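Student: okay, here's the opening piece of the assembly, coordinates as they are in the complex:
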Amino acid sequence: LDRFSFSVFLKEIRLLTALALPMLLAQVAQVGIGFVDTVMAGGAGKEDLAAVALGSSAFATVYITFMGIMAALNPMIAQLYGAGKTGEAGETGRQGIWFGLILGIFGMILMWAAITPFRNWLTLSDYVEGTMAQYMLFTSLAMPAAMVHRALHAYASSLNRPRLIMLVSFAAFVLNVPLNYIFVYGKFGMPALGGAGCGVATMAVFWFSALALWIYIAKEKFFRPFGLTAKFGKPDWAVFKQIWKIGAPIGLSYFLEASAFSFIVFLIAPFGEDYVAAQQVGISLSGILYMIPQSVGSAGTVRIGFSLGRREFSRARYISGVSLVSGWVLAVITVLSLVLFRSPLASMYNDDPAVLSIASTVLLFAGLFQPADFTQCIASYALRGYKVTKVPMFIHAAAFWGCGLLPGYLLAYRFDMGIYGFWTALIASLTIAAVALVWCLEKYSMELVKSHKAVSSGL
């Protein structure tokens, strides 16, 4: 009852040389795709009522939420990289690429049901509607979430020495941007539908980086067992049913930051209108270079699950520190330039226009939650990311939101400039992960005693 998180610090020997630097080029290719993104936010500005994201950040609902499921394989296929067969890691790498198109045709069918924002209960940027050329980004860009799941199954088989996605998802963006505007209005091209057709154009390049997979059964021995990807063997064949509860717990836990989308976007329109909606040139600068952060461990989450088959029990989970804390070096030594700097005159009028004449009550959470979370789910990308342990890691997250229910109506009821004050027990909801998890990363690298059942050998 002083520390029921046991032998804390020790994740150290001479680990200075834990070199998962190619597990950052798992997410420097993710600035590469995070960044077509705005060159059609500000490409479909040619059209001015092309505020068009109007679906595109409420489509990336059943992208990144089904995504979790899919990026939930990174164990599966790293972990059996201390087995032998990429083709039974690939009869999975298929059975999922079935999923990665099976759930992908729900991405692609649930999107259908979707389109009835023809609805109302409160303020603008969440009800109104007269002219919707959104109608069709809702479909010319909601028809993709099939070919777009296999085109993430992809890096869910980058788990074993390649970042030949940083290769493609960079030539991907650039082939899109030319192609992006062709439809907004273009050449010989179908040159018309543009407010939607940025999106027909973006989703164009999904299907193209869906066969940036096909185009890499290319530089070495296979990952292609795409024989009939079917299943049946019991009532429902696993290596599939297996991904199931690496699935539910991932997405539904990507469904923290999924309500952190109906939180941060339900506190701009009390009487707070003005710079309380510019709490998003802020929190989209969370997204922005929170990604390369965050996702070092959702890139690291290999060199841990991978090195459990490769039977090094915490010769991984005590590198699950030495990488926990190494961008955690820059988790805090650039939470520095976060609460520090602002939208100066480098910010003209880009991703969500509001730069010249508003407040900094916005860098006030650029520390709050910022480094006391930075990492605290790059924990899970080595919990989940190592083990089973997203099972109720899930309920990691049934707190970081239900612990953060009342630091909702805790700016609206406040003591001072409480802008960052519903970021109260939602930066304290959000460092009871500095416990809950790296609590099970020392129940847990202390299961790689219990697991490592002979301590060494002879000569």
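Tutor: Received it, and whenever you're ready, just let me know what you need. Numbers count the residues shown, from 1 in each chain, chains lettered A, B, ... in the order given.
Student: residues of the helix or strand encompassing residue A:183 that come out buried?
Tutor: In this assignment (DSSP states H and E), residue A:183 forms part of helix A:164-184. When burial is assessed from 16 or more other Cβ atoms under 10 Å, helix A:164-184 yields the following buried residues: A:164-170, A:172-173, A:175-177, A:179-184. (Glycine included, C-beta is placed from N, CA and C.)
Student: chain center to stretch A:313-320: distance?
Tutor: With Cα atoms, centre = their mean, to the nearest Å as the basis, the distance from the averaged C-alpha position of stretch A:313-320 to the chain average is 24 Å.
Student: the nearest residue to residue A:340 once chain neighbours are set aside: neighbouring residues, count only.
Tutor: Sequence neighbours aside, residue A:363 is the residue nearest to residue A:340 in space, at 7.0 Å (criterion: Cβ to Cβ, 6 or more residues apart in numbering). Other residues near residue A:363 come to 18 when the count uses other Cβ atoms under 10 Å.
Student: now do the contacts for residue A:363.
Tutor: Under the criterion of Cβ atoms under 8 Å, 6 or more residues apart in numbering, the neighbours of residue A:363 are A:282, A:338-342.
Student: nearest to residue A:103, out of the residues you listed: which one, please.
Tutor: Residue A:103 lies nearest to residue A:282 out of these, by Cβ to Cβ, at 32.6 Å.
Student: give the full set of residues in contact with that closest one.
Tutor: A:362-363, A:365-366.
Student: from these, which ones fall inside strands?
Tutor: Within the contacts of residue A:282, membership in strands is found for no residue, as judged by DSSP state E.
Student: between those residues, which is nearest residue A:373?
Tutor: Taking Cβ to Cβ as the measure, residue A:365 is the one of the contacts of residue A:282 closest to residue A:373, at 10.4 Å.
Student: residue A:419 versus the closest one, what's the distance?
Tutor: From residue A:365 across to residue A:419, the span is 8 Å (Cβ to Cβ, to the nearest Å).
Student: so how far is residue A:343 from the residue nearest to residue A:340?
Tutor: Look at residue A:363 and residue A:343: by Cβ to Cβ, they are 10 Å apart.
Student: residue A:450 too?
Tutor: Residue A:450 sits 51 Å away from residue A:343 when distances are taken as Cβ to Cβ.
Student: strands of chain A, residue ranges please.
Tutor: Using DSSP E, no strands are assigned anywhere in chain A.
Student: from the centroid of it, which residue is nearest?
Tutor: residue A:64 (6.3 Å; Cα atoms, centre = their mean).
Student: got a list of what it touches?
Tutor: Applying Cβ under 8 Å, 6+ apart, one finds that residue A:64 lies in contact with A:254, A:258.
Student: throw chain B onto that model:
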Amino acid sequence: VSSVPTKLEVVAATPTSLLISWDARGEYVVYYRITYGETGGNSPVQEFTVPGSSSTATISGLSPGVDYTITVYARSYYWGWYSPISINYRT
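Tutor: Let me add chain B to what's already shown:
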């Protein structure tokens, strides 16, 4: 003229039975014997036996939580044994 099947690991039981996941870099001529006792001294030693690069095997671990100790056995060139190795950590 050599030394043992020289890795050691038992990851989990099925705490009646148990997995025994140990070295085998090829074989030799090839063969394995694997002892089958507690460290009690009573309850005689018994025998499992395997082939290929297959000391990476698993037990019938009948009896309960009690301390168990078990070794495996090279077999090579001379139809005899090229060295043995054990740990003892039970249910």
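Student: once more for the neighbour count of residue A:363, now including chain B?
Tutor: A total of 18 residues lie near residue A:363 under the criterion other Cβ atoms under 10 Å in any protein chain shown.
Student: what does the one 3 residues further on give?
Tutor: Residue A:366 has 23 neighbours, counted by other Cβ under 10 Å.
Student: and the gap between it and residue A:427?
Tutor: The spacing between residue A:366 and residue A:427, counted by Cβ to Cβ, is 11 Å.
Student: what's near enough to touch residue A:12?
Tutor: A:318, A:321-322 (Cβ atoms under 8 Å, 6 or more residues apart in numbering or on different chains).
Student: at 10 Å what do you get?
Tutor: Neighbouring residues of residue A:12 by Cβ atoms under 10 Å, 6 or more residues apart in numbering or on different chains: A:318-319, A:321-322, A:325.
Student: from these, list just the buried residues.
Tutor: Applying 16 or more other Cβ atoms under 10 Å in any protein chain shown to those, the neighbour count classes A:318-319, A:321-322 as buried.
Student: kindly reformat these as a markdown table containing distance to chain B.
Tutor: Putting the buried ones among the contacts of residue A:12 into a markdown table (distance: Cβ to the nearest Cβ, whole Å) gives the following:
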| residue | distance to chain B |
| --- | --- |
| A:318 | 18 |
| A:319 | 19 |
| A:321 | 22 |
| A:322 | 23 |
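Student: for residue B:81, state which of the residues you listed is nearest.
Tutor: Minimum distance to residue B:81 across those is 36.7 Å, recorded for residue A:318 (Cβ to Cβ).
Student: if you count contacts, what does the helix or strand where residue B:86 lies end up packed against?
Tutor: Taking DSSP H and E as the definition, residue B:86 sits inside strand B:84-87. Contact analysis of strand B:84-87 by 3 or more Cβ pairs under 10 Å, 6 or more residues apart in numbering or on different chains; DSSP states H and E lists strand B:32-34, strand B:68-73 as its packing neighbours.
Student: can I get those in TSV including distance to residue A:390 and mean neighbour count?
Tutor: Written out in TSV, the entries for the helices and strands packed on strand B:84-87 read as follows (distance: least, Cβ to Cβ, whole Å; neighbours: other Cβ atoms under 10 Å in any protein chain shown):
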stretch	distance to residue A:390	mean neighbour count
strand B:32-34	36	21
strand B:68-73	34	21
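Student: minimum distance to residue B:41: which of the ones you listed has it?
Tutor: The minimum distance between residue B:41 and these falls on strand B:68-73, with 10.4 Å, by Cβ to Cβ.
Student: what residues does chain B put near chain A?
Tutor: For chain B, the residues in contact with chain A under the definition Cβ under 10 Å from any Cβ of the partner chain are B:3-13, B:18-23, B:83, B:85-90.
Student: what separation do you get for the nearest residue to residue A:274 once chain neighbours are set aside and residue A:267?
Tutor: Among residues not flanking residue A:274 along the chain, residue A:358 sits closest, at 6.6 Å (Cβ to Cβ, 6 or more residues apart in numbering or on different chains). When distance is defined by Cβ to Cβ, residue A:358 is 15 Å away from residue A:267.
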